[PDB]
Amino acid sequence: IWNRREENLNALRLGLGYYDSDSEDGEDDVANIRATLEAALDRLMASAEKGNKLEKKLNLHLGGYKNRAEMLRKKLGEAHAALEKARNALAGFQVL
Amino acid sequence: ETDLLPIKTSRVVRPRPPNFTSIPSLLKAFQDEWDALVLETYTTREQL
Amino acid sequence: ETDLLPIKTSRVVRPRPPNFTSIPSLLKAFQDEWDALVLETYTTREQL
Amino acid sequence: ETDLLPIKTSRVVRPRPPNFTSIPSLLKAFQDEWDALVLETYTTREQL
Amino acid sequence: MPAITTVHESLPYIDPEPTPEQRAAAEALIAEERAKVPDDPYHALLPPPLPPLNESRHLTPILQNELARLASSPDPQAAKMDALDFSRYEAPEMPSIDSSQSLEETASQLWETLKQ
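As you go down the protein sequences, you meet chains S, G, B, H and V in turn. 625 is the number of the first residue of the first sequence in the UniProt record's numbering; add one for each residue after it. 49 is the number of the first residue of the second sequence in the UniProt record's numbering; add one for each residue after it. 49 is the number of the first residue of the third sequence in the UniProt record's numbering; add one for each residue after it. 49 is the number of the first residue of the fourth sequence in the UniProt record's numbering; add one for each residue after it. 1 is the number of the first residue of the fifth sequence in the UniProt record's numbering; add one for each residue after it.
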């Protein structure tokens with residue numbers, strides 16, 4: 625019965641609590657969908673503002689750690705390149 | 049360790065579609081699948 | 049009668065066909081592509 | 049099967065960046081990493 | 001590893017360093033020798049050639065297509081792949097439903113906006 629309800633009615637329509645079985649009018653369903661969309665937009669805006677504030681705080685906390693990690697990675701890459709060059713030079717020096 | 053037993057069988061070959069022969073098309077397909085899964089999870093939460 | 053155990057099926061989730069659009073299949077394909085690219089890059093690096 | 053010894057130790061956990069905390073950001077980072085890997089492979093082949 | 005077995009009578013820690021004029025004369029002599037003796041592409045000192053995209057077993061067809069696309073770009077270092085749909089993750093604005101719009105079309109647009 626639940627599968628038939630979710631197949632006949634849409635999954636998004638069944639998720640919305642304003643989609644009643646006796647509400648066959650498109651205008652009432654459109655108004656309910658518009659109200660739900662406005663509420664979802666307000667909730668998403670509030671969540672986006674909170675996430676932006678949290679991300680700004682986290683970036684201000686961890687920017688130094690990120691910069692230190694980037695500098696260490698660059699130094700490690702330069703050291704690996706120098707190690708490869710030194711290994712080649714050592715092999716050539718042994719042959720010579 | 050005891051009640052769960054593995055099954056030793058041949059691997060089922062998934063037919064790769066011809067659209068999934070490039071990095072951008074496969075990335076778009078994966079993004080669409082992830083968006084569909086996220087929408088399905090949100091709809092399941094709202095329905096619950 | 050004793051060593052053979054039957055397999056039961058649960059219909060809690062919808063039946064997903066084993067296509068190329070599955071999230072786990074896409075992850076496995078991406079991992080295989082990364083492994084092949086890594087092997088090619090390792091061979092090229094050894095030659096270089 | 050015989051000469052390969054697995055290593056039993058803990059798993060290294062990468063530090064999650066504050067910017068890499070969203071699915072679209074993760075997808076963009078994955079696309080950038082794949083493009084960088086392809087460019088590195090092409091440059092390695094040309095250098096070889 | 002090196003494979004050169006040629007022996008040259010040089011002791012640079014004991015012998016004097018060649019002059020820039022002497023180095024130029026030696027370079028001219030080597031150039032004259034290379035002009036006299038043509039280069040051999042099938043020399044044993046040269047390494048084996050790199051296999052092509054089709055010859056490589058590790059190179060996938062998707063990888064070959066991506067490599068061809070990168071090579072076709074005039075700046076392969078600056079070549080970038082196409083970005084995903086970032087507008088789908090953007091903030092969904094309120095849809096403007098006109099009075100001439102159908103009820104079913106407006107309902108479908110509202111449902112799509114609600115899903116986004």
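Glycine residues also receive a C-beta, built at the ideal position from the N, C-alpha and C atoms.
- Secondary structure note for residue 86(H): its alpha helix (DSSP H) is the uninterrupted segment 71-95.
- Fewer than three beta-carbon pairs drawn from the region 75-85 of chain G and the region 68-75 of chain V are found closer than 8 Å, and the two stretches are therefore not classed as touching.
- With fewer than 16 other beta carbons inside 10 angstroms of its own, residue 86(V) counts as exposed.
- Residue environment: residue 107(V) is assigned as buried (16 or more neighbouring CB atoms within 10 Å of its CB, all protein chains considered).
- Taking a Cβ-Cβ cut-off of 8 Å, the neighbours of residue 71(V) in chain H comprise 90, given in sequence order.
- Distance check between residue 642(S) and each of 655(S), 631(S), 630(S), 632(S) places 655(S) closest, using alpha-carbon atoms only.
- Below the 8 Å Cβ cutoff, chain H contributes no neighbours of residue 55(V), its closest Cβ being approximately 12 Å away.
- Residue 669(S) carries a helical assignment under DSSP once its states are collapsed to helix, strand and coil.
- Looking at the backbone, the Cα of residue 669(S) and that of residue 93(H) are separated by about 48 Å.
- The way I'd put it, the region 80-90 of chain H doesn't touch the region 22-42 of chain V; fewer than three beta-carbon pairs between them come closer than 8 Å.
- Burial state of residue 71(H) is exposed, judged by a 10 Å Cβ sphere holding fewer than 16 other Cβ atoms.
- One thing to note: residue 686(S) has its Cβ within 8 Å of the Cβ of residue 66(H).
- Contact annotation for residue 679(S) against chain H: 66, 67, 69 [CB-CB distance below 9 Å, chain order].
- What residue 81(B) touches in chain V, judged by beta-carbon distance under 9 Å, is 60, 62, 63, going in chain order.
- In this model, residue 95(B) and residue 712(S) are separated by some 14 Å (Cα to Cα).
- At least one C-beta of chain B is nearer than 8 Å to the C-beta of residue 50(V).
- The alpha-carbon separation between residue 62(V) and residue 666(S) amounts to approximately 43 Å.
- Boundaries of the alpha helix (DSSP H) harbouring residue 639(S): 635-639, taken from the DSSP string.
- Between the alpha carbons of residue 17(V) and residue 1(V) lies a gap of roughly 28 Å.
- Flagged as an interface residue toward chain H: residue 77(V), by a C-beta distance shorter than 8 Å.
- CA-CA distance, residue 64(G) to residue 69(B), rounds to 9 Å.
- In summary, the residues of the region 78-93 of chain V whose CB is separated from some CB of chain G by less than 8 Å are 81, 82, 84, 85, 88, in the order they occur in the chain.
- Interface criterion met: the Cβ of residue 2(V) is under 8 Å from a Cβ in chain S.
- By the Cβ neighbour-count rule, residue 57(B) is exposed, with fewer than 16 other Cβ atoms within 10 Å of its own.
- Within chain B, the residues whose beta carbon sits less than 8 Å from that of residue 93(H) are 92, listed in sequence order.
- For residue 36(V), the enclosing alpha helix (DSSP H) has its first and last residue at 20-36.
- Residue 89(H) is not a Cβ neighbour of residue 91(B), given a cutoff of 8 Å.
- In the three-state reduction of the DSSP assignment, residue 642(S) falls in the coil class, being assigned neither a helical nor a strand state.
- Residue contact with chain G for residue 74(B): present (Cβ-Cβ distance below 8 Å to some residue of chain G).
- Residue 61(B) and residue 60(H) have their alpha carbons spaced roughly 34 Å apart.
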